[PDB]
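K.L.:
What follows is a protein structure lacking sequence information:
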RNA sequence: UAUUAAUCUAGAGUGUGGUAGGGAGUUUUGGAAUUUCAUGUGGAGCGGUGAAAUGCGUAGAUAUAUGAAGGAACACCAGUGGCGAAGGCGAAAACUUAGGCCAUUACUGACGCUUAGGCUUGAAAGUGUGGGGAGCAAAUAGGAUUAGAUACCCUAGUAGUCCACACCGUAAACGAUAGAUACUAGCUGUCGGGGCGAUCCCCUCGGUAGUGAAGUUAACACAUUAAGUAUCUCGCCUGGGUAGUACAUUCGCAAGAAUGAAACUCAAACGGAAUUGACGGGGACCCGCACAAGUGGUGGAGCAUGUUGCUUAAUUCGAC
């Protein structure tokens, strides 16, 4: 199931769109795979890099469970 | 993992992600080469994909 | 790969009108013939009732109900050690084990005619004097020790 | 001693250790599956872990912990029997915490069991 | 055609515009925490396996939480994903920039193509050079066990795994399928790009995949990304065991790399794959005192037979 480029902006930073990123997120340091949200390569890049970036800036649990 | 305020229900929904994260950490608690790790991981991934497709 | 096969028994005995007395006669049956065993058990019940002054049938059934077993084992090894899977055993084998234990512990005395000692052992098993009640108690206790080995599948 | 302390349960490939602490990093009592003397395959059984955790659960129930913080750690046959042992001993499960670390090969663990 | 005298683009490509890859490197941190130290409490265990033990604990543990330090590597995202020349690329963040995908009568007008020689790079061990070394394992060493463990078990554990430099430059770098080039039923998927439009559906082209036609490997199978079709160039190839031996020559003090006969000797290869089976010490279906669940004896006593054996003049001989 494609998620980005339909609810996203094709330009994903942390601010202004963090909720679409957190939709593949939990306070548990995990990202929903393609089996639940089958987003394409660029959308997977978006969610991966941006979510681990929010983890990197101390916005959401980096590894914390 | 943290599921609060329930003794059994939230604990039941807990145990799934709890064991998932526990196994995710467990397969990182022993030294191994990238070969077997990736081969088995992608074999399981393709098994799940073929079961899904 | 034998499937389930039903168990068989015989008709009751008029001394008690129960199958347990006849099955005890079958088990204690020497000379392969049941007349001697029937006489032995009749005298046993007479000596049961004349000792402690209590009715033989309720004594005998209490004995077979407190010797009552509740388990059978399926052995399996992991690599060099063998443990047990507790399995539900049919009630036929349960009553069979109870009666066989009664019969075997009835004749383990060498002092007089077998009549008095079989009566005394039936009384003891009814009054929970340890000859086979301890086996039931140990099975119940080890039912909290072998289920651990039953849980994991090696 | 605190109203809601912790009882940390570790499940090593042989044994189940239960250690009861205050949140201020002070363990006030302890137990283990080696305390009652079982060794090897027997102390890995769920019964051994349950009996080991029931001791600390009860003693923290009297000594001041009405409830406890339920920290689960590790995976095994005694990872969750400790939780129910705490629960039945008066330590109602306020919350559960699976704070198991997820390392990234920060070490090189020794030869792997076979 | 090798050559010459010109041109035209369409091969090399280049231009424009749209244009993406965990591409590489550079520069940063952040954490799961690993280990250690102090704060402490705890009051006899921790630990490891198939089994224990070795080992660790009473200068206060098991364990726990804070604070501080040093090293290592980054949970998920991770793709019938893309890119990078292979080597490879995944905690994130930035920069330089190779290169890419889409369509261009657009421009030189063949500028082309590869490649022996030649240029560069090249997992990695392991070498020394300076740090810390968090952790562990080659080697080594104890307890097991064994017919024996420096094999499978663990504890102690160095080189090393970490980084800076060279060298090692080999790999299952093998798709055991060369590079450039153009073409071959489809079908079902994905990613990227171009157009379009709630999304989308859709079309275009590639990339990334497959069943399978045709075609092609004995066969196994590949099959629009061929092992199909064909051109230029190069490398590898004729029996086994000897044998990559032996030599010569070299790159690096250091670990390694190319290297190449032959004596002797045997008809193939611990050969390949369509075919059948038992085994599994990988597994799978179905019957069976085969087991268990048991019931009774025997091996333990005596007894008769039958046998092994010894023996003489036979202890007849076949059966084991």
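P.N.:
Perfect, I can see it now. Numbers count the residues shown, from 1 in each chain, chains lettered A, B, ... in the order given.
K.L.:
Tell me who's in contact with residue 46.
P.N.:
This is for chain A. Each residue near residue A:46 by Cβ atoms under 8 Å, 6 or more residues apart in numbering or on different chains is listed here: A:4, A:8, A:12, A:21, A:39. Just so you know, the C-beta spots here come from the backbone N, C-alpha and C atoms, and that holds for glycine as well.
K.L.:
wait, chain D
P.N.:
Neighbouring residues of residue D:46 by Cβ under 8 Å, 6+ apart: C:148, C:151, D:77, D:78, D:81.
K.L.:
Likewise for residue D:92?
P.N.:
Residue D:92 touches B:7, D:67, counting by Cβ under 8 Å, 6+ apart.
K.L.:
Now do the strands in chain B.
P.N.:
In chain B, the strands defined using DSSP state E lie at B:2-4.
K.L.:
where do the helices sit along it?
P.N.:
If DSSP state H is used as the criterion, the helices of chain B fall at B:9-26, B:34-52.
K.L.:
And the contacts of the longest one?
P.N.:
Here helix B:34-52 makes contact (Cβ under 8 Å, 6+ apart) with A:35, B:27.
K.L.:
thinking again about what came up before, okay, the helices of chain B, which one's buried deepest?
P.N.:
Compared across the helices of chain B, helix B:9-26 shows the largest average neighbour count, a mean of 16 (mean count of other Cβ atoms under 10 Å in any protein chain shown).
K.L.:
Would that one count as contacting chain C?
P.N.:
No: interface with chain C: helix B:9-26 contributes nothing (Cβ under 8 Å from any Cβ of the partner chain), its closest point being 15.9 Å away.
K.L.:
now what about that helix, what contacts it?
P.N.:
A:26, A:28, A:30, A:65, B:1-4, D:72, D:74-75, D:80, D:83, D:93, D:96, D:98, D:100-103.
K.L.:
Out of these, which sit inside strands?
P.N.:
Short answer: the contacts of helix B:9-26 in strands (DSSP E) are B:2, B:3, B:4, D:72, D:93, D:96, D:98.
K.L.:
now, which of those sits nearest residue C:20?
P.N.:
residue D:93 (49.5 Å; Cβ to Cβ).
K.L.:
contacting residues for the closest one?
P.N.:
With contact taken as Cβ under 8 Å, 6+ apart, residue D:93 is in contact with B:6, B:7, B:11, D:67, D:70, D:83, D:86, D:87.
K.L.:
Could you do residue A:4 as well?
P.N.:
Listed by Cβ under 8 Å, 6+ apart, the contact set of residue A:4 reads A:10, A:12, A:20, A:39, A:40, A:42, A:43, A:46, A:47.
K.L.:
For those, give me TSV that also has secondary structure and distance to residue C:70.
P.N.:
Shown next, in TSV, are these (DSSP: H, G, I helix; E, B strand; the rest coil; distance: Cβ to Cβ, whole Å):
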residue	secondary structure	distance to residue C:70
A:10	coil	69
A:12	coil	64
A:20	helix	60
A:39	coil	57
A:40	coil	61
A:42	helix	65
A:43	helix	61
A:46	helix	62
A:47	helix	57
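K.L.:
Hmm, residue C:34 is touching residue C:26, no?
P.N.:
Yes: counting by Cβ atoms under 8 Å, residue C:26 is a contact partner of residue C:34 at 6.8 Å.
K.L.:
now the helices of chain B in CSV, with distance to residue D:35?
P.N.:
As requested, these are exported to CSV (distance: least, Cβ to Cβ, whole Å):
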stretch, distance to residue D:35
helix B:9-26, 25
helix B:34-52, 38
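K.L.:
Go through the ones you listed and name the closest to residue C:19.
P.N.:
Residue C:19 lies closest, by Cβ to Cβ, to one member of the helices of chain B: helix B:9-26, at 47.6 Å.
K.L.:
and the angle for that closest one with strand D:93-98?
P.N.:
20 degrees (axes from the mean of the first three to the mean of the last three Cα atoms, to 10 degrees).
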